[PDB]
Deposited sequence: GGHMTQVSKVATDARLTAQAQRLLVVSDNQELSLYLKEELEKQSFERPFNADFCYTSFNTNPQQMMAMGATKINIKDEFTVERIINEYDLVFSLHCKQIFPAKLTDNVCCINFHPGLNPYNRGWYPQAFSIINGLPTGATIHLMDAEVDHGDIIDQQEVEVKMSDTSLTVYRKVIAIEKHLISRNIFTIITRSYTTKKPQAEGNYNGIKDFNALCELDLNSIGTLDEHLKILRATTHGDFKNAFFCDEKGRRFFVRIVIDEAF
């Protein structure tokens, strides 16, 4: 509960935040010995980017791997880790998640996209992992403008995550934080909910506002997310661009 972590495992499928954390850790001076290992899980993200920064592949669904983690580390980060941590892992070693949403709202998948749809707050959250709603170590909201798309909000979120990492890393490693309980249940969205946003139904009836929000939520730079089909079922991918002027 109280002693400095000396052996940290970072499980991450995001190179940008992994590099940021690794550089932040190099700036710290801890009284007790400290080592951090980085690992990735996800073939369908950017595994070679993670390799390129020195991470190795780990499989959290390997029950032996989980026993090794419990016996070999005293703290584990889920830094945009795509694999689920099982109860056996979270029950037996302190596991901390770095989530690119503002808990308790739009938990789960692509929080900023759902925030564009439903107008709920977003941002980043550092929270404990417990075998639905881990207690929060720190979080910070970001602003969503009517011009923003999923990418624009996401970059704000990443920036705020980095800030939270710099603000909290010393206290986390020294185990010198108090958490707060979430104050509301909020809500959760899954990958299938995002796919449903992407499958545009040309016949669907709604307000222009509803429709523009779907496009903004599913526009993320040049990703091919949202699409409609013709009668032969050729897919047409759709993106929106919104600009304010003088």
Missing residue ranges, deposited sequence indexing starting at 1: 1 to 15, 147 to 148
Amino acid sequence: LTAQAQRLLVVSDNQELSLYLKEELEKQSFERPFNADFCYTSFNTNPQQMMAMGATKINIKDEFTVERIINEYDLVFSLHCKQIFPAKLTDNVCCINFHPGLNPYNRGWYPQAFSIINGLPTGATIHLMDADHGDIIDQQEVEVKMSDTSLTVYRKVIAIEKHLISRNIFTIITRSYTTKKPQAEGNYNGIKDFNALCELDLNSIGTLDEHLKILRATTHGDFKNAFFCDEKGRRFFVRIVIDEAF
From here on, numbers count along this sequence of modelled residues.
With reference to the PDB entry, specify whether the mean Cα temperature factor is higher for 235 to 243 or for 2 to 10. 2 to 10
Which of the two stretches, 102 to 110 or 168 to 176, shows the higher mean Cα temperature factor in the record? 168 to 176
Residue of maximum C-alpha B factor among 189, 44, 219, 59, per deposited coordinates: 44
Using the entry's values, work out which of 70, 53, 212, 39 has the largest Cα B factor. 70
Considering only modelled residues of the same chain, in which third does the CA B-factor of residue 163 rank: lowest, middle or highest? middle
CA B-factor placement of residue 21, once the chain's modelled residues are sorted into thirds: middle
Quick tally, chain-level thirds of C-alpha B-factors: residue 123 sits in the lowest
Sorting the chain's modelled residues by C-alpha B-factor, tell me whether residue 195 ends up in the lowest, middle or highest third. highest
Comparing against every modelled residue in the chain, figure out the third that the C-alpha B-factor of residue 48 lands in (lowest, middle or highest). lowest
